[PDB]
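Structure record follows, encoded as structure tokens.
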Amino acid sequence: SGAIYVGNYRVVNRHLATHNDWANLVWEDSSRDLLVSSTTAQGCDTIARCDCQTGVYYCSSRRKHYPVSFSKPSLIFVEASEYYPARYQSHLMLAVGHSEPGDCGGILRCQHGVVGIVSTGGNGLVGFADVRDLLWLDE
Ligand SMILES: Cn1ccnc1[C@@H](c1ccccc1)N1C[C@@H](C(N)=O)CC1=O
Ligand SMILES: [Zn+2]
């Protein structure tokens, strides 16, 4: 679990959004596993606007933050789960690291701020949904 809190927006994994997030929907994309809802209180996270390929992510199943090298946002196949049928997820970035079901929502950050959140795992890999192209989050 986990979310990004920027301005009056809450960014979460779409598959973990609550029925309350849907009532306060701003934007969602099933192909990106992202959902953004509106908030009453102002958040303090800053979104990175960069092309960094190194950062640090939080892994809740280890209670540890790991430094990783991660790939460019791309269209990557994701096997079927209880949340989605087998499909290509877009804007996804992979790193070599630990990620289990329960780890989605962990933040990946570089020197410029928040890059994305954990969205995929297994096989000694971790996948992050990129948010650096969502410029409207800043206004
Ligand atoms: C199904 N699958 C393939 C690779 N990873 C997963 C699992 C998964 C997520 C996180 C850690 C460990 C496994 N995901 C990915 C999520 C998605 N974005 O579609 C939904 C889901 O259950
Ligand atoms: Zn950066």
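In what follows, every heavy atom counts, from backbone to side chain, and hydrogens, waters and symmetry copies are set aside. Throughout, numbering of the chain's residues begins at 1 and tracks the sequence.
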Quick check for you: to the nearest 0.5 Å, what is the distance between [X] atom [atom1] and [Y] atom [atom2]?
X	Y	atom1	atom2	answer
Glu100	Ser60	CD	OG	8.0 Å
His65	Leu108	NE2	CG	12.5 Å
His112	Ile47	NE2	CD1	14.0 Å
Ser71	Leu92	OG	CG	7.0 Å
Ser99	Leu125	OG	CG	9.5 Å

Between [X] and [Y], is there a donor-acceptor pair closer than 3.5 Å when you use the side chain of the first and the backbone of the second?
X	Y	answer
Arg32	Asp130	yes
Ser74	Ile76	no
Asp103	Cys59	no
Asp29	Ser31	yes
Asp45	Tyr5	yes

How close do [X] and [Y] get, heavy atom to heavy atom, and via which atoms?
X	Y	result
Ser69	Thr54	OG-CG2, 3.8 Å
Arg132	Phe70	NH2-CE1, 4.0 Å
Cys110	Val115	SG-CG2, 3.6 Å
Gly105	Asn13	N-OD1, 3.0 Å

### Query
Hey, are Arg109 and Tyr57 close enough side-chain-wise for a donor-acceptor pair under 3.5 Å?
no

### Message
Could you check, using the six-membered ring where one of them is a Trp, whether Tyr9 and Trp27 have ring centers closer than 6.0 angstrom?
### Response
no

#### Entry: Passing option when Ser37 is tested against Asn24, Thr18, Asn8, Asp21 for side-chain hydrogen bond (donor to acceptor under 3.5 Å, both in side chains)
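The passing option is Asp21.
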
### Query
Among all residues two or more places apart in sequence or in another chain, which pass the side chain to side chain donor-acceptor pair (under 3.5 Å) test with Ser119?
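Counting only residues at least two positions away or on another chain, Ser119 forms a side chain to side chain donor-acceptor pair (under 3.5 Å) with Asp33, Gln89.
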
### Task
Tell me who clusters with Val12, hydrophobic residues only, linked when side chains sit under 4.5 Å apart either directly or through other members.
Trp22, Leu25, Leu35

### Identified side-chain contact (heavy atoms from CB on, under 4.5 Å) partner of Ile4 from the options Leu137, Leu134, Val131
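So, applying the side-chain contact (heavy atoms from CB on, under 4.5 Å) to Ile4 and each of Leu137, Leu134, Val131, only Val131 qualifies.
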
### Task
Measure the shortest side-chain to side-chain distance between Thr39 and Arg10 over non-hydrogen atoms and say whether it is less than 4.5 angstrom.
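Sidechains of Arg10 and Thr39: in contact.
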
### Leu135 vs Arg49 side-chain heavy atoms within contact, under 4.5 Å
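Yes, side chains in contact.
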
